[PDB]
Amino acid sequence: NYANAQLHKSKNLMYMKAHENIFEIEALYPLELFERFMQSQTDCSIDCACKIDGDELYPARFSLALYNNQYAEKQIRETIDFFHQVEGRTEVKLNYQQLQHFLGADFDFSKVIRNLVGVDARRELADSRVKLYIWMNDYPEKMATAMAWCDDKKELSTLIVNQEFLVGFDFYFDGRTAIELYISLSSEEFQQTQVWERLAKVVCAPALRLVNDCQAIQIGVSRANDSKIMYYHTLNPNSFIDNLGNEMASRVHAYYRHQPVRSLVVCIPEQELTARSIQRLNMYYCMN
């Protein structure tokens, strides 16, 4: 985006290092290799994130949105190469069968609109992940494949109104894998009467009522999800966090409230919104 690519990358790394420093996670593998991977890219945008699970916090979470989909194929090659570099430590072994099966032998890289690369580093090495997200547009054969592999209940097929879809690949360091399908709805889209009526047949009421507080939502479905995951692109980050009644989320946002943030996305499993209190959620702070 910005003309001074090298200035912007310096700010990216400074955003990541801050996040690692406040949460005291900098030593987790493979964050240093991820930092180097960032710097090897032409330019990208960073999202710093934290996952909340009861009393536990998993804040070693970062995503890079790689600029210029003209080079989507090369980006995936260099991402895979970075995953192999992470596999440099002997007790880290990834399983690529889901990615390989999804791409097939003649993947149309001209259909990719955005690649994203992620990490969620854990104290328990076996639980850590690297992540690849492939954002696609107007690719009906791959969309149907993703729906068959991720949309058990055939619910996202009743909700989508654009040709874009996001396919996320999880690579656990002990060889576990998961694939996830995400679709998006802007405020303009989900405020249309028929679109909203379709939402209301698939999304439980407490999760649906939250959609109104948003400039956009995404919904992620996966065999590895215990319910649909709602991604709330918050209109007012401060009030959205306050309305969660979650002490740890308020503590996290207490720092970021006064930070130059492009947007705050909060994702909550549908099942959490039918409980007495929210205890599981992710917060993504997408930096400028």
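When you see a residue number, it is the position in the sequence shown, counting from 1.
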| item | value |
| --- | --- |
| Mean C-alpha temperature factor, higher of 92 to 100 and 176 to 184 | 92 to 100 |
| Residue stretch of maximal mean CA temperature factor, 35 to 43 vs 239 to 247 | 35 to 43 |
| Out of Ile25, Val265, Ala275, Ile268, highest CA B-factor residue | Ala275 |
| Most elevated Cα B-factor in the entry, residues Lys131, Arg114, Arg122, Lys154 | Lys154 |
| B-factor third for the C-alpha atom of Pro260 within its chain | highest |
| Ranked C-alpha temperature factor of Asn69 among modelled chain residues, by third | middle |
| Within-chain third of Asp170 by Cα B-factor, per the entry | lowest |
| B-factor third for the C-alpha atom of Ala207 within its chain | lowest |
| Lowest, middle or highest third - CA B-factor, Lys17 | middle |
